[PDB]
Amino acid sequence: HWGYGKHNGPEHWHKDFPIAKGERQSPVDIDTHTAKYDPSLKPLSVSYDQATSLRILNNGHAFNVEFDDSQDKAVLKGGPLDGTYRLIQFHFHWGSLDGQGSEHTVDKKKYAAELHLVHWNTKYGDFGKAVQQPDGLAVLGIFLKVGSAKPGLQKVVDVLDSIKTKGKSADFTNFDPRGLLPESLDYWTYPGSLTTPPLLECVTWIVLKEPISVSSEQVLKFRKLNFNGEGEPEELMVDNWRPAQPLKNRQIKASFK
Ligand SMILES: COc1ncnc(NCc2ccc(S(N)(=O)=O)cc2)c1[N+](=O)[O-]
Ligand SMILES: [Zn+2]
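Listed as the method for this PDB entry is X-ray crystallography; the listed resolution is 1.900 Å.

Going by the PDB entry, the chain carries the name Carbonic anhydrase 2 and comes from Homo sapiens. The Subunit (literature references left out) comment attached to the chain in UniProt states, word for word, "Interacts with SLC4A4. Interaction with SLC4A7 regulates SLC4A7 transporter activity. Interacts with SLC26A6 isoform 4 (via C-terminus cytoplasmic domain)." In its Sequence similarities section, the UniProt record describing the chain reads: "Belongs to the alpha-carbonic anhydrase family."

Here's what the structure looks like:
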């Protein structure tokens, strides 16, 4: 099926999912000089105090940490959003080397990785229904660069050897996502899509200006995961990012400067 190789990678996706060439595809390059400052934009409200993580899964494309989204426990609101979005999962995209890995770029710069905290609009009642709507999702993107460790990521890094191959999962309770956030909530925002198949155009993207730092050892452990299932040939899970897509007729707004 779809994946990230020469033969099933991003350049192939449009054959099974024609929306790949659509008008509001993600990710995009964030041109920080042409982003429009909007003093009308509200601060983001990230309300993660009551987050309930449940499990961590290797789905053959990335690893997801899934949260209980059956009540308003971990929510995103404000910023550019009308109404309230519940956290369902986070995952990352990363590279084979530190010089690449992010999906969004900032003035053409790729970061080592990119975290996506995926949230769905409470008015659609669940994730499966929200993705069918143009305002269905709000995904908070946070760039990772390599430097000092992010202590709040380590619980994640340490479980990865238990989910090495496609389809493995592990219980993953009491993980606090607030420990993945940088200090500033200044953001760019634009309307876009899932960055993987089905590439649905349902996402309000909220990309934080400030990257978090992770250690080289932390990202190296992302790279030891596998795309393949246990007992198929080993393909390291690296370079699971989609390149920047044409902005077409969208403007990126900034909450700052
Ligand atoms: C009800 O379960 C689910 N059902 C179907 N798709 C899901 N997730 C697809 C997805 C793909 C890409 C991105 S991205 N890379 O744009 O952030 C975000 C979510 C989930 N789910 O994981 O919540
Ligand atoms: Zn993603």
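A.B. asks: Give me the lowdown on the pattern of salt bridges, citing residues and values where you can.
C.D. replies: On inspection of all chains with the given rule, the structure shows eleven salt bridges. The partner of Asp68 in a salt bridge is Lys73, and the shortest N-O contact between them spans 2.9 Å.

A.B. asks: Can you lay out the UniProt feature "active site" in the chain for me, pointing to particular residues and giving the numbers?
C.D. replies: The sites that carry the UniProt feature "active site" are, in the present numbering, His61. Ignoring any residue separated from it by four or fewer positions in sequence, one finds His61 in contact with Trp2, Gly3, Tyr4, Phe227, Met237 and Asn240. A polar contact is formed between the side chain of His61 and the backbone oxygen of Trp2, at a distance of 3.5 Å.

A.B. asks: Can you break down the layout of surface pockets residue by residue, with the values?
C.D. replies: A volume near 460 Å³ is recorded for the largest pocket. Contributing to the lining of the largest pocket are 25 residues, with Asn64, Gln89, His91, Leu194 and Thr196 lying nearest its centre. Of all the secondary-structure elements, those providing two or more residues to the lining of the largest pocket are β5 (63-67), β7 (85-94), β9 (113-121) and β13 (203-208). Here the lining of the largest pocket is built from residues that sort into 14 nonpolar, ten polar and one charged. Looking at the second largest pocket, its volume works out to about 310 Å³. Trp2, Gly3, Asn8, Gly60 and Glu235 are, among the 13 residues lining the second largest pocket, the residues nearest its centre.

A.B. asks: Tell me about the site of ligand 1, and please be specific about residues and values.
C.D. replies: Neighbouring ligand 1 are the residues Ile88, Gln89, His91, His93, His116, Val118, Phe127, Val139, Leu194, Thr195, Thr196 and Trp205. Within the side chain of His91, an N or O atom sits 3.3 Å from a nitrogen atom of ligand 1. At 3.4 Å from an oxygen atom of ligand 1 is found a side-chain nitrogen or oxygen belonging to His116. For ligand 1, whose unbound accessible area comes to 530 Å², protein coverage reaches 70%. Taking a 2 Å distance to the grid points as the criterion, the majority of the atoms of ligand 1 fall inside the largest pocket. If you list the elements that add at least two residues to the shell around ligand 1, you get β7 and β9. Among the elements that take part in the shell around ligand 1, β7 stands out by supplying four residues, more than any other. The residue makeup of the shell around ligand 1, split by class, is six nonpolar, six polar and no charged.

The rules behind these values
- Residues numbered from 1 in each chain as written, not as in the entry; some residues may be left out.
- Chains lettered and ligands numbered in written order.
- Heavy atoms only, no water.
- UniProt positions renumbered as here; feature names shortened; annotations may be inferred.
- Salt bridge = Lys/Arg side-chain N within 4 Å of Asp/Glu carboxyl O.
- Contact = heavy atoms within 4.5 Å.
- Polar contact = N/O pair within 3.5 Å; in protein donor to acceptor, adjacent residues only side chain to side chain.
- 1 Å grid on protein atoms, 1.4 Å probe; cavity = no way out; pocket = protein on both sides within 12 Å on 5 of 7 lines; lining within 4 Å.
- Points joined across faces, edges and corners; volume = space filled by probe spheres on them.
- Helix = DSSP H or I, 4+ residues; strand = E, 2+ residues; numbered from the N terminus.
- Nonpolar A, V, L, I, M, F, W, Y, C, P; charged D, E, K, R; others polar.
- Near = heavy atom within 4 Å.
- Areas by Shrake-Rupley, 256 points an atom, 1.4 Å probe, with all protein chains shown as cover.
- Sits in = over half its atoms within 2 Å of the grid points.

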